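Participant: My sequence and its experimental structure, below.
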Amino acid sequence: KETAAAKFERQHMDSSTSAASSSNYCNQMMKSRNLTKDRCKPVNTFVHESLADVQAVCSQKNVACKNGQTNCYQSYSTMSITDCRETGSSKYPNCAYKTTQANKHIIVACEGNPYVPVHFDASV
Ligand SMILES: [Cl-]
Ligand SMILES: [Cl-]
Ligand SMILES: [Cl-]
């Protein structure tokens, strides 16, 4: 089974580009991070910052998570992110995603020793 920290990395980190370059970014990334294997994951955010910068959020501003847990953290700075969401035309195994690039604060839930991100809660 994948660890929670490793699943967060796979689903949410994309440190190799500064920003989405095209409308096809999400289609490509959702496929290659294996988020369309048996079903189309409906929504997923990628963060275009170093792993170290995202991990550092776990010692930044403690905020409530949407679900009422208290282990969420909001980045002090905005980060380059891309939101991927299925469009009307999406139908497994032919998933189809809208790509929306933005620069926003991220909010992550953190757990463990080391205390690292395990869920992406939201952007602001
Ligand atoms: Cl791990
Ligand atoms: Cl995988
Ligand atoms: Cl997400």
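Facilitator: Received, thanks. Residues are numbered from 1 along each chain as shown. Ligands and ions are numbered 1, 2, ... in the order given.
Participant: Look up which helix or strand residue 37 falls in, please.
Facilitator: Using DSSP states H and E, no element contains residue 37; it sits outside every helix and strand.
Participant: and the gap between it and residue 1?
Facilitator: Counting by CB to CB, to the nearest Å, the separation of residue 37 from residue 1 is 16 Å. (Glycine included, C-beta is placed from N, CA and C.)
Participant: Which one's more surrounded, those two?
Facilitator: Regarding residue 37 and residue 1, a neighbour count based on other CB atoms under 10 Å identifies residue 37 as having more, with 11 against 5.
Participant: which residues of the chain fall in strands?
Facilitator: Counting by DSSP state E, the chain has strands at residues 43-47, 61-63, 72-74, 79-86, 97-104, 106-111, 116-123.
Participant: List the pairing partners of the fifth one within its sheet, with orientation.
Facilitator: The reference is to strand 97-104. Note on strand 97-104: by DSSP bridges, its sheet partners are strand 79-86 (antiparallel).
Participant: do the same with the last one
Facilitator: When pairing is defined by DSSP bridges, strand 116-123 lines up against strand 106-111 (antiparallel).
Participant: near ligand 1 at all, the partner strand?
Facilitator: No - against ligand 1, strand 106-111 shows no contacts by CB under 5 Å from the ion, the least distance being 11.6 Å.
Participant: tell me which parts of the chain are close to ligand 3?
Facilitator: Applying CB under 5 Å from the ion, one finds that the chain approaches ligand 3 through 44-45, 120.
Participant: Could you export those as TSV, including distance to residue 74 and neighbour count?
Facilitator: Shown next, in TSV, are the residues of the chain next to ligand 3 (distance: CB to CB, whole Å; neighbours: other CB atoms under 10 Å):
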residue	distance to residue 74	neighbour count
44	19	20
45	14	20
120	12	21
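Participant: I'd like those residues as a markdown table, with distance to residue 94 appended.
Facilitator: What follows is these, written out as a markdown table (distance: CB to CB, whole Å):
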| residue | distance to residue 94 |
| --- | --- |
| 44 | 17 |
| 45 | 22 |
| 120 | 25 |
